[PDB]
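Peer 1: Here it is, the structure in full.
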Amino acid sequence: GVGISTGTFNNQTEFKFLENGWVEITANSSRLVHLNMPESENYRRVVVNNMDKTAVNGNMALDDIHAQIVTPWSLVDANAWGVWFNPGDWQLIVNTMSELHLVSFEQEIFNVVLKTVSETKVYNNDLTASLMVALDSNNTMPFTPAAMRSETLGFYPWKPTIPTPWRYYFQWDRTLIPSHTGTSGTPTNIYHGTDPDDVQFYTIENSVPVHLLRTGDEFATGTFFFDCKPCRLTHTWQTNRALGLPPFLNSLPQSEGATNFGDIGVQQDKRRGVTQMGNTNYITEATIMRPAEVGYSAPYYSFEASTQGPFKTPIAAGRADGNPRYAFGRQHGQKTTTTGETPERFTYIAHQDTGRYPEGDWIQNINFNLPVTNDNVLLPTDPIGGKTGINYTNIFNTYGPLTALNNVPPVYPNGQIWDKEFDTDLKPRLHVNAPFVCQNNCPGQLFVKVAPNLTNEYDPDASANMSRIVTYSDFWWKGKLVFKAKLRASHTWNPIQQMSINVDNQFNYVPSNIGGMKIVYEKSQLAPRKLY
Amino acid sequence: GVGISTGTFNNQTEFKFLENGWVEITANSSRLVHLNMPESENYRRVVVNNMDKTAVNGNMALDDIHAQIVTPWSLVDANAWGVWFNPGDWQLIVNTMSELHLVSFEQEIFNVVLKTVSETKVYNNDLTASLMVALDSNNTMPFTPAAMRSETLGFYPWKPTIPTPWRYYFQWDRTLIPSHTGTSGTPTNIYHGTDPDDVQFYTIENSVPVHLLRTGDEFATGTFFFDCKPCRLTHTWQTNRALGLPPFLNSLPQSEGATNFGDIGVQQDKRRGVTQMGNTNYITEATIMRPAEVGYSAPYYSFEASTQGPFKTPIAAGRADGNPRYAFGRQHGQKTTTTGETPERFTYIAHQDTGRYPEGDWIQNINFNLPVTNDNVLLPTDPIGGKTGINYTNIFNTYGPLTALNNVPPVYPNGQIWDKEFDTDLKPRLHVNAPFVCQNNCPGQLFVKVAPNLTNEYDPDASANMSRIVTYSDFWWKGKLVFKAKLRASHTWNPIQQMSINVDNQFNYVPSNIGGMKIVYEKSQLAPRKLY
Amino acid sequence: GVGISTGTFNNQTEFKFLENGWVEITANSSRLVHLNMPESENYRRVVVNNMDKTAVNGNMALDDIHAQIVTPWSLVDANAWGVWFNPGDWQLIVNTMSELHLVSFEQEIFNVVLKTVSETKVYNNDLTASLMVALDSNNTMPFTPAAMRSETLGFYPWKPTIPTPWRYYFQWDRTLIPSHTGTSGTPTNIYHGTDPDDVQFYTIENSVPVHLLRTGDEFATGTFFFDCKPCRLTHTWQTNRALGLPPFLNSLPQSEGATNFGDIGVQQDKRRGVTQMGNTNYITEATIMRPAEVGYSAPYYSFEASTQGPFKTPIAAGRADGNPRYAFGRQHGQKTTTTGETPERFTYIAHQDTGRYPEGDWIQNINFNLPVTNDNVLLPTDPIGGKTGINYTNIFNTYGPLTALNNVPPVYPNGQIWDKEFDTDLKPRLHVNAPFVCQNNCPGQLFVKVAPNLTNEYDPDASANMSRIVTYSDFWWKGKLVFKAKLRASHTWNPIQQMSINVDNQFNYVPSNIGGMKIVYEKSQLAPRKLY
């Protein structure tokens with residue numbers, strides 16, 4: 001009713017230790033969401049064209065041209081690690097567990113309170129107004145993860161959070177011929193328009209049922225059950241130079257110190273083994289036959305153009321290319337007492353050794369006369385195309401049927417948790433934005449809107465926008481996310497790397513004297529893992 | 001007891017011909033293994049740094065820098081084809097069978113005899129000494145196939161074989177900037193050390209239970225059961241130029257001879273068919289649309305660098321790149337009466353036609369004015385980067401979603417049989433060192449050590465190494481490997497290629513007058529196979 | 001029999017994760033023990049009198065006078081943490097667990113091998129000689145923990161260890177009047193003898209049954225079951241100044257920085273609360289009434305004399321007094337490749353805040369005129385007895401009925417595990433040498449001896465010692481120690497302190513190039529714990 005609560009606040013993380021070494025992690029996240037009324041109750045088709053910056057030669061990468069439908073609805077996203085875990089629970093997980101599954105997810109919206117402003121300002125209660133809630137359970141509306149724009153719910157359970165205004169990409173065409181500082185003419189930079197065979201205009205009213213929650217009702221999305229593969233919390237260190245049986249050392253050091261080394265007392269052209277160079281007698285560590293390849297090379301800072309513009313070719317694993325950079329604001333980890341619109345940024349350097357170092361590659365003639373001449377070698381310091389700053393490693397792809405990679409690690413607290421799978425015939429082997437991927441069905445999105453509050457002077461035949469009573473809602477969101485983890489076992493004599501608190505990172509986990517909080521980024525895959 | 005045998009010698013290969021065309025091949029292999037006591041009963045951390053050879057400009061491929069833990073244990077490896085088959089059984093298999101499965105594997109160690117030397121030299125029996133045996137059934141210790149260093153058991157049932165000293169790769173860091181003969185400065189060549197987050201020190205005592213076998217006991221590893229895909233003993237010959245319906249010959253030869261040819265009596269710009277060149281009217285054999293691609297191109301003699309140095313990028317299929325070179329000694333096929341430390345070497349040229357011929361590739365402009373000019377073509381004789389000895393085929397990768405390949409063929413007798421699967425998220429499609437790959441569980445490794453035989457003057461608080469009685473063991477190893485094969489059927493009018501003995505390879509299978517034996521290499525995939 | 005093994009080597013640590021958050025830790029420890037024959041097959045009564053060092057005035061603390069029975073038996077002690085755990089398992093325990101119980105213990109002696117030396121030296125096998133084993137299950141013989149002399153078994157599973165020769169304290173009397181550098185006469189320093197009412201001569205032959213193990217038998221002590229209280233792996237930080245409700249801050253900082261503080265905006269003589277100073281109006285943090293007292297003060301470096309000499313009064317908790325110092329050799333953690341008889345030493349600084357800081361104490365008159373004069377205060381800088389270097393805190397005891405303490409933390413790897421309880425009427429509340437204490441029954445001690453090997457010329461009526469054949473044994477010891485632990489839960493927003501590997505302590509867990517190992521000391525009680 002009017003004076004009866006419809007739910008309970010719960011932001012606890014429960015660890016249930018089943019036997020066989022399996023744990024169930026139930027993460028409860030409760031927030032107070034504050035929502036304003038839409039600036040315009042109509043769907044808009046907007047085109048963004050930044051030719052002022054791209055007409056300058058050499059600024060192709062600064063392209064921001066697109067077309068989007070702007071919607072009077074807001075999205076409630078909880079697809080980020082920080083919504084569900086604090087630094088302590090994250091430490092427990094990444095120090096005690098080895099793998100991690102994703103079992104269940106459920107949401108509720110309760111304790112809705114709608115108010116109106118009258119201008120001093122007076123705030124009255126609209127006991128009869130309503131909040132429209134929609135849940136796209138069938139996944140008809142386009143998927144839109146907020147964690148890539150850093151627009152999820154806040155990371156603090158005691159701070160009210162806002163939802164993000166919903167919008168999606170409309171089709172368009174765009175051609176942008178690249179150039180450089182010093183081109184003669186004017187490269188083609190035109191927004192072509194829209195292809196009528198690709199137009200797709202979605203509406204929440206025509207696709208999903210909408211509930212009208214007043215002050216005393218409750219919305220509960222039933223528990224969605226995932227079916228995915230487990231994310232590993234252990235990293236690998238073995239490249240192709242550390243796979244298999246090492247060479248037998250005929251001379252071992254006698255006075256163990258700093259610069260006393262061992263010696264394989266056999267000439268390199270008189271050693272035993274297998275090699276994939278069928279015209280050479282040298283058996284070394286760079287030449288011996290390994291089972292497969294750990295990682296691959298890819299053209300870095302390469303821009304492929306398609307029917308809607310240029311985009312950076314994504315890289316699977318990093319070494320700075322391949323390392324994701326996160327920028328975010330005060331709701332999502334930045335010091336809540338800073339001033340200015342400059343976001344906080346960090347580059348996540350993963351622990352896994354699966355990337356390449358292009359300054360150490362080279363290609364030499366098949367004759368293999370081992371002291372290489374200049375005409376029989378291609379170095380990462382040789383001009384390709386006549387460009388002093390472009391070498392062959394920029395146009396090099398070594399992805400073949402022998403490549404072994406690892407999935408991306410969880411990024412606390414700004415990374416995604418789950419992700420949609422592409423609705424194509426041949427699916428990609430991994431995403432670079434989320435460790436988990438919903439294969440067939442993925443949790444539905446939760447849209448919220450505040451119902452129109454009309455005045456007594458409303459004319460539908462008026463070109464001007466309708467006149468509404470200034471209304472704003474605040475409700476409570478609750479979510480339950482259930483994981484299944486395995487507890488890790490020690491297989492080495494030596495201890496391993498763990499996450500801990502020390503004198504340097506001490507004040508990142510406690511608030512300041514003025515209530516300033518922050519959530520620094522923590523690494524997930526700490527413990528090593530034997531690859532082969 | 002002391003005078004009771006604990007096992008039996010069996011080195012027979014049994015062929016059980018079940019109906020439906022399925023055969024069970026039970027290979028029994030018995031050897032007499034001779035083991036010395038460890039040179040040092042401690043684990044050693046050794047670093048090998050060969051900067052004396054790599055400080056010379058142009059010798060990057062001669063890198064042998066690494067770090068390894070040297071272990072007082074020895075490994076007993078039987079993962080090679082020659083341990084289980086002689087030339088006759090191999091002929092029978094590769095001439096009568098079509099596919100080949102891997103069913104079962106089991107090992108036993110029996111008839112242990114431990115002796116001590118007293119210095120003339122007197123050899124006494126230690127009836128109370130013990131031999132430590134460990135079996136890593138859970139696969140905790142790092143995998144180490146010996147067939148890549150040619151350190152498996154011997155290939156002759158009447159020759160005593162030795163086990164190889166066990167060791168494994170310790171983590172390290174290494175950067176080696178490549179150069180050539182004629183570089184100005186000194187390229188960076190430094191051994192950085194070890195990253196504490198990747199240190200992994202394994203011990204047999206802390207990971208596996210150890211049995212202490214005296215003179216009258218017996219160790220038996222239970223039968224391990226594989227679950228893999230069958231290796232095919234038939235090769236394919238069809239490239240992309242021999243797929244589908246040939247063109248109709250309107251003029252057929254009338255006087256069949258040597259140089260009388262047929263003629264497609266239709267102009268090339270007036271033929272019917274499908275082509276993936278949507279701007280040309282020519283339909284030829286180089287242009288017509290084939291279902292997919294058989295093979296791929298890969299950058300050959302390419303060296304990718306990672307956190308531990310440079311390594312050769314492995315190639316799936318060869319045509320000399322892609323063809324494995326095997327070097328080995330007198331236990332593994334070399335003439336047992338040769339003198340010198342020079343190993344015997346051979347390059348295995350496979351029968352399958354899935355590689356490329358870079359001297360016959362080229363890339364031409366999309367305009368396709370068929371008599372090509374110079375500015376509209378890129379040949380394998382054009383300098384890339386200004387290097388006379390490097391052309392575009394060295395930096396070329398044509399591996400896409402349309403590539404069809406074949407697994408690697410068995411290499412008798414020096415090739416591996418089975419292999420571990422990489423413990424990564426995304427697994428490689430094939431290994432280049434073994435036809436079979438254990439997907440989840442793979443047979444455990446068998447470590448042997450001779451227990452410490454202490455004297456009466458032992459002080460644990462002495463910095464010097466302990467004083468031991470010179471002890472050596474000799475035991476008997478038995479192994480059973482069970483395959484399942486299918487018998488092949490003839491589908492062509494013409495006979496096929498078979499392996500046979502002739503006047504040229506006659507004395508490779510019989511011993512000399514001084515007892516000299518040898519096992520030459522034989523090819524496995526002889527019979528053709530229709531690909532499409 | 002002669003050529004049949006009687007046991008198996010097992011040095012694995014198994015973690016069985018039962019549900020409800022309880023884990024069973026089964027630690028298996030296997031060693032190869034080397035034993036020589038006794039230097040004399042008789043019991044000796046020896047008196048050690050070091051008057052050469054104590055006759056010098058001021059050297060009372062260098063007293064080493066005592067009387068001991070030296071026994072031809074050796075003790076096999078496994079009461080140390082390093083025998084059962086390596087750094088990895090210790091990291092797992094002290095990072096994942098909260099408490100720790102002690103469930104079970106069992107030992108076995110197997111694979112006995114006895115040999116004789118003949119002098120070059122020849123080592124023959126005595127198939128008929130025997131090894132005497134005794135197990136004091138009824139605890140008749142005096143208890144003797146070896147970990148206080150650092151004489152337990154070795155910490156490395158791959159190094160042969162020796163047992164310690166057994167001996168125990170015989171009664172004696174001793175008076176040593178203390179003095180200083182500059183005393184006039186000669187203080188009384190005399191060894192009085194033995195009181196006939198306290199003589200106690202124990203023998204293994206008259207108290208325990210002895211088994212005679214030949215080459216082919218096995219001794220197994222049944223599983224002993226403890227019943228003790230759990231050791232906590234969490235430390236406390238709250239002293240008496242951090243107990244209860246803090247004072248209300250009427251002025252809170254507005255510009256949170258480094259030196260911006262809060263203010264209790266109430267005068268100290270106008271505050272509300274309870275105080276145990278019934279004649280003062282001041283309510284501060286040093287004066288407010290706390291529930292009880294956390295810790296106590298004790299006279300530090302105090303020497304109490306009794307009927308057998310002076311001894312240091314033991315201290316419960318440390319802050320350097322109260323902090324135990326461990327000295328040990330190459331079997332017990334020191335670098336196994338060092339040279340010299342200097343042992344390695346470390347002082348264990350515990351994490352718990354329960355000690356005192358005598359430089360911050362003082363006693364002032366009961367009148368409590370707050371700005372203290374000199375005649376109304378006693379500072380830690382005031383001479384007591386006229387001695388410039390002795391203040392009142394040296395003779396101060398604040399142990400009362402309001403004192404709350406914590407038990408001692410486990411010390412890896414040199415600390416004890418369990419301990420006997422004193423057989424007195426009123427028992428102490430805690431020991432300072434072991435976290436666990438056997439209340440009624442404690443595991444029996446395991447004595448080993450090599451049986452006399454007589455020659456053909458033996459006369460019992462000869463005053464000279466018997467002539468024996470030089471004999472030495474080596475056997476295998478196995479032990480199983482079962483703990484029950486609870487897995488810890490996170491109750492704070494901030495992470496906690498964990499043990500980890502880093503660039504500084506990296507090479508303490510991996511061996512050198514010459515096989516040099518070491519076990520550095522690790523702290524046990526890392527995570528905080530709310531006391532009140």
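How things are named: the first chain in the structure tokens is A, the next is B, and so on; residues count from 1 in each chain; ligands count from 1 in the order shown.
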Quick one: residues within 8 Å of range 467-484 of chain B, only C-alpha atoms, excluding same-chain residues fewer than 4 positions away - as an NGL selection string?
Peer 2: :B and (9-10 or 22-37 or 84 or 100-118 or 131 or 450 or 452-455 or 457-458)
Peer 1: Could you write out that same residue set with N, CA and C atoms as a short mmCIF file (atom, residue, chain, number, x, y, z; two decimals), in the first residue's frame?
Peer 2:
data_model
loop_
_atom_site.label_atom_id
_atom_site.label_comp_id
_atom_site.auth_asym_id
_atom_site.auth_seq_id
_atom_site.Cartn_x
_atom_site.Cartn_y
_atom_site.Cartn_z
N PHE B 9 59.57 -61.37 -19.68
CA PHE B 9 59.98 -60.61 -20.84
C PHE B 9 59.04 -60.90 -22.01
N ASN B 10 58.49 -59.85 -22.60
CA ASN B 10 57.57 -60.00 -23.73
C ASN B 10 57.74 -58.82 -24.66
N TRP B 22 37.95 -54.51 -38.44
CA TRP B 22 38.66 -53.83 -37.36
C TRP B 22 39.68 -54.77 -36.74
N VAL B 23 40.88 -54.25 -36.50
CA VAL B 23 42.00 -55.02 -35.97
C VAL B 23 42.44 -54.37 -34.66
N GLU B 24 42.85 -55.20 -33.71
CA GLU B 24 43.48 -54.72 -32.48
C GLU B 24 44.96 -55.07 -32.53
N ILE B 25 45.80 -54.06 -32.36
CA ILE B 25 47.24 -54.21 -32.41
C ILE B 25 47.78 -54.03 -31.00
N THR B 26 48.29 -55.11 -30.42
CA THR B 26 48.86 -55.07 -29.08
C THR B 26 50.37 -55.13 -29.22
N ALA B 27 51.03 -54.01 -28.93
CA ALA B 27 52.48 -53.91 -29.02
C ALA B 27 53.06 -54.06 -27.62
N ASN B 28 53.91 -55.06 -27.44
CA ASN B 28 54.61 -55.29 -26.18
C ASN B 28 56.07 -54.91 -26.36
N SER B 29 56.59 -54.12 -25.42
CA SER B 29 57.97 -53.65 -25.49
C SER B 29 58.64 -53.89 -24.15
N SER B 30 59.72 -54.66 -24.16
CA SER B 30 60.48 -54.97 -22.95
C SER B 30 61.92 -54.51 -23.13
N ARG B 31 62.44 -53.81 -22.13
CA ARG B 31 63.81 -53.32 -22.15
C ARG B 31 64.47 -53.58 -20.81
N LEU B 32 65.80 -53.56 -20.82
CA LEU B 32 66.61 -53.65 -19.61
C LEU B 32 67.23 -52.28 -19.39
N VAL B 33 66.78 -51.59 -18.34
CA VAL B 33 67.18 -50.21 -18.09
C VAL B 33 68.29 -50.20 -17.04
N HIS B 34 69.37 -49.49 -17.34
CA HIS B 34 70.53 -49.35 -16.48
C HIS B 34 70.58 -47.92 -15.95
N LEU B 35 70.67 -47.77 -14.63
CA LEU B 35 70.56 -46.48 -13.98
C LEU B 35 71.72 -46.28 -13.01
N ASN B 36 72.35 -45.12 -13.07
CA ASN B 36 73.42 -44.75 -12.16
C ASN B 36 72.87 -43.88 -11.03
N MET B 37 73.70 -43.67 -10.04
CA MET B 37 73.21 -42.81 -8.98
C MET B 37 73.39 -41.34 -9.38
N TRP B 84 57.95 -49.56 -30.02
CA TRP B 84 56.84 -50.50 -30.09
C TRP B 84 56.78 -51.31 -31.37
N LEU B 100 43.96 -45.38 -37.64
CA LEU B 100 44.67 -45.91 -36.48
C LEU B 100 44.20 -45.16 -35.24
N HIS B 101 43.70 -45.90 -34.26
CA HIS B 101 43.32 -45.34 -32.97
C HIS B 101 44.37 -45.67 -31.92
N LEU B 102 44.21 -45.09 -30.75
CA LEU B 102 45.08 -45.34 -29.61
C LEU B 102 44.20 -45.72 -28.42
N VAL B 103 44.21 -47.00 -28.07
CA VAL B 103 43.28 -47.51 -27.07
C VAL B 103 43.87 -47.44 -25.67
N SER B 104 44.97 -48.14 -25.43
CA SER B 104 45.40 -48.34 -24.05
C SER B 104 46.92 -48.30 -23.93
N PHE B 105 47.38 -48.09 -22.70
CA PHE B 105 48.80 -48.05 -22.38
C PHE B 105 49.01 -48.50 -20.94
N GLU B 106 50.05 -49.30 -20.71
CA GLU B 106 50.39 -49.72 -19.35
C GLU B 106 51.87 -50.05 -19.26
N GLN B 107 52.44 -49.83 -18.07
CA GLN B 107 53.85 -50.06 -17.81
C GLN B 107 54.05 -50.87 -16.53
N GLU B 108 55.18 -51.57 -16.48
CA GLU B 108 55.62 -52.29 -15.29
C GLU B 108 57.14 -52.20 -15.18
N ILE B 109 57.61 -52.15 -13.95
CA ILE B 109 59.03 -52.24 -13.62
C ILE B 109 59.22 -53.45 -12.72
N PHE B 110 60.07 -54.38 -13.14
CA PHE B 110 60.27 -55.62 -12.40
C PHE B 110 61.75 -55.99 -12.42
N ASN B 111 62.07 -57.08 -11.72
CA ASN B 111 63.42 -57.64 -11.62
C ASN B 111 64.47 -56.56 -11.36
N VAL B 112 64.32 -55.90 -10.23
CA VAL B 112 65.25 -54.85 -9.84
C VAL B 112 66.50 -55.49 -9.24
N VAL B 113 67.67 -55.03 -9.68
CA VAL B 113 68.93 -55.52 -9.14
C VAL B 113 69.83 -54.32 -8.87
N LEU B 114 70.21 -54.13 -7.61
CA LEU B 114 71.06 -53.02 -7.20
C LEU B 114 72.43 -53.54 -6.78
N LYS B 115 73.47 -52.85 -7.23
CA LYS B 115 74.84 -53.28 -7.01
C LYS B 115 75.69 -52.09 -6.57
N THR B 116 76.80 -52.40 -5.92
CA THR B 116 77.76 -51.40 -5.46
C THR B 116 79.14 -51.73 -5.99
N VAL B 117 79.91 -50.68 -6.26
CA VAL B 117 81.27 -50.80 -6.78
C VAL B 117 82.26 -50.48 -5.67
N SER B 118 83.33 -51.27 -5.60
CA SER B 118 84.41 -51.07 -4.64
C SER B 118 85.73 -51.09 -5.40
N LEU B 131 65.19 -48.86 -4.81
CA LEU B 131 65.03 -48.00 -5.98
C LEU B 131 63.72 -47.24 -5.83
N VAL B 450 67.79 -43.89 -7.59
CA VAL B 450 68.37 -44.89 -6.71
C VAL B 450 68.56 -44.25 -5.34
N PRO B 452 69.56 -43.04 -1.59
CA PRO B 452 70.89 -42.70 -1.07
C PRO B 452 71.45 -43.84 -0.24
N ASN B 453 72.71 -44.19 -0.52
CA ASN B 453 73.44 -45.22 0.22
C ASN B 453 74.53 -44.52 1.01
N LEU B 454 74.24 -44.21 2.27
CA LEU B 454 75.14 -43.40 3.07
C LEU B 454 76.24 -44.24 3.70
N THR B 455 77.38 -43.61 3.95
CA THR B 455 78.46 -44.24 4.68
C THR B 455 78.25 -43.99 6.17
N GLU B 457 80.09 -41.90 7.98
CA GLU B 457 80.48 -40.53 8.29
C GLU B 457 79.57 -39.60 7.50
N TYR B 458 78.42 -39.28 8.08
CA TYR B 458 77.46 -38.37 7.48
C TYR B 458 77.14 -37.27 8.47
#
Peer 1: Could you pull out all residues of range 83-328 of chain C with a DSSP call of strand (DSSP E or B) and give them as number ranges by chain?
Peer 2: C: 97-118, 122-125, 131-136, 161, 164-170, 173-176, 189-193, 210-213, 219-225, 231-232, 234, 251, 263, 275, 288, 293-294, 303-306, 309-312, 325-328
Peer 1: In Å, with one decimal, what is the gap from CA of residue 410 in chain C to CA of residue 145 in chain C?
Peer 2: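 Computing it gives 15.7 Å between the two atoms.
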Peer 1: Per residue of chain A within 10 Å of chain C, which atom pair is closest and at what distance in Å (one decimal), using only C-alpha atoms, listed by chain and increasing number, as CSV?
Peer 2:
residue,atom,partner,partner_atom,distance
A:12,CA,C:491,CA,9.8
A:13,CA,C:490,CA,9.1
A:14,CA,C:489,CA,9.1
A:15,CA,C:489,CA,7.8
A:16,CA,C:20,CA,7.4
A:17,CA,C:21,CA,5.2
A:18,CA,C:19,CA,4.4
A:19,CA,C:19,CA,4.3
A:20,CA,C:17,CA,5.9
A:21,CA,C:17,CA,5.2
A:22,CA,C:17,CA,8.3
A:23,CA,C:19,CA,9.0
A:85,CA,C:493,CA,9.4
A:86,CA,C:493,CA,6.0
A:87,CA,C:495,CA,5.7
A:88,CA,C:495,CA,4.3
A:89,CA,C:490,CA,6.3
A:90,CA,C:495,CA,8.3
A:91,CA,C:495,CA,6.3
A:92,CA,C:490,CA,7.2
A:95,CA,C:95,CA,8.1
A:96,CA,C:96,CA,6.5
A:252,CA,C:513,CA,8.0
A:253,CA,C:513,CA,6.3
A:254,CA,C:514,CA,6.3
A:255,CA,C:514,CA,6.8
A:256,CA,C:513,CA,5.0
A:257,CA,C:513,CA,7.6
A:258,CA,C:513,CA,9.4
A:260,CA,C:513,CA,8.2
A:261,CA,C:513,CA,8.2
A:262,CA,C:513,CA,8.7
A:337,CA,C:256,CA,9.4
A:487,CA,C:17,CA,8.7
A:488,CA,C:92,CA,8.9
A:489,CA,C:15,CA,7.8
A:490,CA,C:88,CA,6.1
A:491,CA,C:88,CA,7.8
A:492,CA,C:88,CA,6.4
A:493,CA,C:88,CA,5.5
A:494,CA,C:509,CA,5.1
A:495,CA,C:88,CA,4.3
A:496,CA,C:501,CA,5.6
A:497,CA,C:500,CA,5.1
A:498,CA,C:500,CA,5.1
A:499,CA,C:498,CA,6.9
A:500,CA,C:497,CA,5.1
A:501,CA,C:497,CA,5.3
A:502,CA,C:497,CA,7.2
A:506,CA,C:494,CA,9.1
A:507,CA,C:494,CA,9.6
A:508,CA,C:494,CA,8.6
A:509,CA,C:494,CA,5.1
A:510,CA,C:494,CA,6.9
A:512,CA,C:256,CA,6.4
A:513,CA,C:256,CA,5.0
A:514,CA,C:256,CA,5.3
A:515,CA,C:256,CA,8.5
A:516,CA,C:256,CA,8.6
Peer 1: Pull the helix (DSSP H, G or I) assignments for range 19-116 of chain C out of DSSP run on the backbone, and list those residues as an NGL selection string.
Peer 2: :C and (51-54 or 60-62 or 81-83 or 87-96)
Peer 1: So that I can see what lies close to residue 292 in chain B, please list as an MDAnalysis selection string the residues with an atom at most 9 Å from it, counting only C-alpha atoms and leaving out residues fewer than 4 positions away in the same chain.
Peer 2: chainID B and resid 240 401:404
Peer 1: Convert the current residue selection to file output with N, CA and C atoms, as a PDB file, in the first residue's frame.
Peer 2:
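Saved the output as out-v9.pdb:
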ATOM      1  N   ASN B 240      43.858 -26.994 -54.699  1.00  0.00           N
ATOM      2  CA  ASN B 240      42.683 -26.253 -55.138  1.00  0.00           C
ATOM      3  C   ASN B 240      42.494 -26.283 -56.647  1.00  0.00           C
ATOM      4  N   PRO B 401      39.141 -18.427 -42.789  1.00  0.00           N
ATOM      5  CA  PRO B 401      38.071 -19.362 -42.429  1.00  0.00           C
ATOM      6  C   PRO B 401      37.752 -20.397 -43.495  1.00  0.00           C
ATOM      7  N   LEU B 402      38.471 -20.395 -44.614  1.00  0.00           N
ATOM      8  CA  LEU B 402      38.255 -21.345 -45.692  1.00  0.00           C
ATOM      9  C   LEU B 402      39.390 -22.346 -45.828  1.00  0.00           C
ATOM     10  N   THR B 403      40.272 -22.441 -44.840  1.00  0.00           N
ATOM     11  CA  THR B 403      41.452 -23.283 -44.942  1.00  0.00           C
ATOM     12  C   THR B 403      41.169 -24.687 -44.427  1.00  0.00           C
ATOM     13  N   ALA B 404      41.526 -25.682 -45.234  1.00  0.00           N
ATOM     14  CA  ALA B 404      41.416 -27.086 -44.865  1.00  0.00           C
ATOM     15  C   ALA B 404      42.805 -27.704 -44.848  1.00  0.00           C
TER      16      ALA B 404
END
Peer 1: Mind giving me the straight-line distance from CA of residue 128 in chain A to CA of residue 219 in chain A in Å, one decimal?
Peer 2: 17.2 Å
Peer 1: Which residues are close to range 281-285 of chain B, i.e. within 8 Å by only C-alpha atoms, leaving aside same-chain residues fewer than 4 positions away? Reply as a list in words.
Peer 2: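 After dropping sequence-adjacent residues, the list is residues 241, 268, 269, 270, 271, 272, 273, 274 and 275 of chain B.
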Peer 1: Tell me which protein, DNA and RNA residues are within 12 Å of residue 1 in chain A, counting only C-alpha atoms, leaving out same-chain ones fewer than 3 positions away, and put them as a ChimeraX atom specification.
Peer 2: /A:4-6,111-113,127-128,213-218
Peer 1: Write out as a VMD selection string the residues lying within 6 Å of residue 352 in chain B, counting only C-alpha atoms and excluding same-chain residues fewer than 4 positions away.
Peer 2: chain B and resid 235 to 237
Peer 1: So that I have them on file, write out the residues from the current selection with C-alpha atoms, as a PDB file, in the first residue's frame.
Peer 2:
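That gives us selection_4.pdb:
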ATOM      1  CA  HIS B 235      47.479 -38.985 -47.866  1.00  0.00           C
ATOM      2  CA  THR B 236      45.678 -36.476 -50.058  1.00  0.00           C
ATOM      3  CA  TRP B 237      46.904 -35.154 -53.398  1.00  0.00           C
TER       4      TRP B 237
END
